[PDB]
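First, one chain by itself: the form deposited in one PDB entry, in structure tokens.
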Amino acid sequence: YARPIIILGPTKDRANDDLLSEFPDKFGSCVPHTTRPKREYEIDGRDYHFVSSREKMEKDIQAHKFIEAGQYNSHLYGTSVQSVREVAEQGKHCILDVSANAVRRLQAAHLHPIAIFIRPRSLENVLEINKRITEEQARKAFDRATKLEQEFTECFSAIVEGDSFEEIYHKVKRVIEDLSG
């Protein structure tokens, strides 16, 4: 059994992306649910589980079958407990792009998540670890990270820092290996 992964904080999208590319045998992604009709290019069971009955997804949501769900553009979208469990039972860390609120929901499903928070040391540090954004964007990301830490510290397995994204990523990898026993 492989613990699923939630990385939060600045540069988490890059960390998620590089983990899968660099260790495709140890990491995976799960297939979410939607009630929106499928697009011509999409494949049922790969892009989404396309649910025919909105009423069916609604019962499942009320039954706590989703670690995260919401309505967007009049359609329901969720990441399901079973879909995550299916990835983990292949021995792959399920890389999740979900809210911090989902960590509690994963623990209640006995899925034992790893949650890692990337903490910026300062506004300047944001620009050290993310060299693709403006200063205006860096302050938004700095503000959001601050508020994330204040509300969700107890859900974090680890907090990692660095003066560069390479140092962040090295710590993220080492934490996952350590927590993988």
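Note that the rigid core is defined as the largest set of C-alphas that superpose within 1.5 Å between two forms. Residue numbers here begin at 1 and follow the sequence given.
As the entry records it, the average C-alpha temperature factor is higher for 50-58, out of 151-159 and 50-58. For the set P32, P120, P113, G70, the PDB entry assigns the largest Cα B-factor to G70. When all modelled residues of the chain are sorted by CA temperature factor, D25 is found within the highest third. Split the chain's modelled residues into thirds by C-alpha temperature factor. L96 is in the lowest one. Among the modelled residues of the chain, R144 sits in the lowest third by CA temperature factor in this PDB entry. The entry lists a Cα temperature factor for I129 that places it in the middle third of the chain's modelled residues.
If you look for the form deposited in another entry, you will not find it shown, but the lines that follow are about it.
The only C-alpha among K147, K140, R121, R39 that moves by 2 Å or more between this form and the one not shown, given a superposition on the rigid core, is that of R39. A movement of the C-alpha atom of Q71 reaching 2 angstroms or beyond is seen between this form and the one not shown when the two forms are aligned on their rigid core.
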